[PDB]
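One structure is given below, encoded as structure tokens.
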Amino acid sequence: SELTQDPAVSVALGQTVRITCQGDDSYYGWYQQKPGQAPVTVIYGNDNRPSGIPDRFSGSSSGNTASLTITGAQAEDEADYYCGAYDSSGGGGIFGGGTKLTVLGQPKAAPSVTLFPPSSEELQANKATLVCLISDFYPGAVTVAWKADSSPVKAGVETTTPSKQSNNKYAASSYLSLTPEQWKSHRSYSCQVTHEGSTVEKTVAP
Amino acid sequence: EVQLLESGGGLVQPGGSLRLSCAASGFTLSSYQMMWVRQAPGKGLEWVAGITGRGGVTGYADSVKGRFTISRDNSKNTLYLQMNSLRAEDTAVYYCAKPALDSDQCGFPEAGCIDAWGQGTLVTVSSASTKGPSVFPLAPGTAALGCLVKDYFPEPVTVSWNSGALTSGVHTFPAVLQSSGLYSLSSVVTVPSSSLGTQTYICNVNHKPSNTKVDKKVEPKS
Amino acid sequence: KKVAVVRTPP
């Protein structure tokens, strides 16, 4: 056997979300996992909520379908939810592919963009990296464009996927790798960060 | 309280062996059937192996059967996983998992009965070798200053500020896996602009895979 | 009563 769950689901902040899992004849577990962390048991044994878990988390198992209900969705419930159960055919443990929960309706926040030029130490080590740090934004989707003089940069661009900060706002990094020569040969370099139609730009000069 | 804590993780060559260890506290291991769960980077949870309370029956996933060996020492409150002839596909964070109900109620493959999870231990099966990081300062009402931790392998790198005394305004960004196969990250701390010439900001970089500890003073440009 | 799906055979 195997366990089936939808890769993604969204809920407006303060509303109710129901995450389903599909399997046959089982005793189901629900495990919450945040990006950098270990999983946490929100429900085990179909309906048993461990002590310390808020009562807004409830588990129900109907005929060949497990359900995790989250009433009054909070910003901290934004995580990956995995269902666990038993595979009697094989004799081992099974997990669903996970359901990433997106808690929508949070205040739309504009990104704070900080651009760093290559350090003196890095230029002495015959290297050039432009560090563009994007922080404090919601939703977590940004398109980064690098400009050499007035021209878009095609190569040497590495961008981290947006991840949540401690305060629940998002953050991402974009690195432009150049030769110390390419850095000096241009008047300036720009980091163009587009978030929900609005572009925030920062510029660094040698 | 219940705590599960794994060790034994690290970088190993394809064909190499690694012994994982899980130390249990807050409960008696002998009263519980135990299991190992793993997670490949950006992938889902996957059950690896399971063992009964006295270790009379063991179970393994199809992909690790014959190479992996789950064992336990009840006397030491420790669960083990000997992982022999390792392959690139075995690269994952490995978690120790504890069922909520005792050995008579929840068996080792009952992955729906887990109440306690370990901190996890990273296993990197690569032909690549350990590389120490190169730390460069990212010089600055409020000023953003940080430090660039470049060209290191494998993960992780932890960055603290002023020996962990400076925590507010600190954001250590997830690492970038370059096309070269090396990682790079940055940690940025937002500080008052008036304090820059009177106060000292030091980032404490630590790369346990290469046993590297770098303290870099981030001061304004000249 | 919840019974384990696997135990050491008697």
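Note that we place each Cβ from the backbone using ideal geometry, even for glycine, and neighbour counts take in every protein chain shown. Coordinate-derived values only; no laboratory data.
General observations
- If the condition is being of a type in the set (D, E, K, R) and over 22 Å from the mean Cα position of the chain (by Cα), then region B:73-103 contributes B:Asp73, B:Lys76, B:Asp102.
- Condition check for A:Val103: away from chain B (no Cβ under 12 Å) and within 26 Å of B:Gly44 (Cβ to Cβ): yes
- Strands (runs of 3 or more DSSP E) lying entirely in region B:30-92 (those with 3 or more residues that are of a type in the set (A, V, I, L, M, F, W, C) and out of contact with any helix residue (DSSP H, G or I) (no Cβ under 8 Å at 6 or more places or on another chain)): B:34-39, B:45-51
- Here region A:170-185 is the region considered, the condition is being more than 10 Å from chain B (Cβ to nearest Cβ) and buried (at least 17 other Cβ atoms within 10 Å of the Cβ), and the residue that is farthest from A:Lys34 (Cα to Cα) is A:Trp183.
- Just one residue in the set B:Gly132, B:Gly181, B:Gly169, B:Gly164 is of a type in the set (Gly, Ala, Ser) and over 30 Å from B:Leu20 (Cβ atoms); that residue is B:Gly169.
- Count of region B:53-69 residues, restricted to those that are closer than 20 Å to B:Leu29 by Cα and more than 22 Å from the chain's Cα centre (by Cα), is 8.
- Near pairs, Cβ below 7 angstrom, 6+ apart or cross-chain, from region A:16-42 (under 18 Å from B:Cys106 (Cβ atoms)) to any residue that is surrounded by fewer than 21 Cβ atoms within 10 Å (Cβ to Cβ) and hydrophobic (A, V, I, L, M, F, W, C): A:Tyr31/A:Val40; A:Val42/A:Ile53; A:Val42/A:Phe57
- Subset tally (residues that are in a strand (DSSP E or B) and small (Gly, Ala, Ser)) for region A:155-186: 6
- Filter result for the condition that a residue is in contact with a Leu (Cβ under 8 Å, 6 or more places away or on another chain) and within 18 Å of A:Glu2 (Cβ to Cβ), over A:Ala85, A:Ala79: A:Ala85
- For B:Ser85, the stated conditions hold: it is surrounded by fewer than 20 Cβ atoms within 10 Å (Cβ to Cβ), touching a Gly at 6+ places or on another chain (Cβ under 9 Å), hydroxyl-bearing (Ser, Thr, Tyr) and within 22 Å of B:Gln13 (Cα to Cα).
So that you can scan it fast, the table gives a plain yes or no per residue for (1) surrounded by 17 or more Cβ atoms within 10 Å (Cβ to Cβ); (2) out of contact with any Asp or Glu (no Cβ under 7 Å at 6 or more places or on another chain); (3) within 16 Å of A:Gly72 (Cβ to Cβ); (4) aromatic (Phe, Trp, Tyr):
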{"residue": "A:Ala8", "(1), (2), (3), (4)": "no, yes, no, no"}
{"residue": "A:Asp25", "(1), (2), (3), (4)": "no, yes, no, no"}
{"residue": "A:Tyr31", "(1), (2), (3), (4)": "yes, yes, no, yes"}
{"residue": "A:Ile43", "(1), (2), (3), (4)": "yes, yes, no, no"}
{"residue": "A:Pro54", "(1), (2), (3), (4)": "no, yes, yes, no"}
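- Selected residue (only one of B:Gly42, B:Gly55, B:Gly50 is among the small types (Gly, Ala, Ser) and exposed (fewer than 14 other Cβ atoms within 10 Å of the Cβ)): B:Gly42
- Scan of region B:195-221 for residues that are in contact with a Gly (Cβ under 8 Å, 6 or more places away or on another chain) and in a helix (DSSP H, G or I), ordered by number: B:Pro209, B:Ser210
- A:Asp136, sole failed condition from (1) among the acidic types (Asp, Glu); (2) facing chain B (nearest Cβ under 8 Å); (3) within 28 Å of B:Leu182 (Cα to Cα): (2)
- Candidate set: region B:115-144, residues that are more than 14 Å from chain A (Cβ to nearest Cβ) and surrounded by fewer than 19 Cβ atoms within 10 Å (Cβ to Cβ); chosen: the one nearest to B:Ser193 (Cα to Cα): B:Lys131
- Meets criteria (touching a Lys or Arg at 6+ places or on another chain (Cβ under 9 Å) and assigned to a loop (DSSP other than H, G, I, E, B)) for B:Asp104: yes
- Residue in region B:78-114 that is nearest to B:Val2 (Cα to Cα), counting only those that are of a type in the set (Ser, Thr, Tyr) and within 13 Å of another protein chain (Cβ to nearest Cβ): B:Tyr95
- Considering only residues in region A:73-91 that are in a strand (DSSP E or B) and at the interface with chain B (Cβ under 9 Å from one of its Cβ atoms), the one that is nearest to B:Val218 (Cα to Cα) turns out to be A:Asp80.
- Single residue of region A:114-133 satisfying the filter (more than 8 Å from chain B (Cβ to nearest Cβ) and touching a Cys at 6+ places or on another chain (Cβ under 8 Å)) that is surrounded by the most Cβ atoms within 10 Å (Cβ to Cβ): A:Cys132
- Test: B:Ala165 is under 19 Å from the mean Cα position of the chain (by Cα) and either surrounded by 21 or more Cβ atoms within 10 Å (Cβ to Cβ) or aliphatic (A, V, I, L, M) (or both): no
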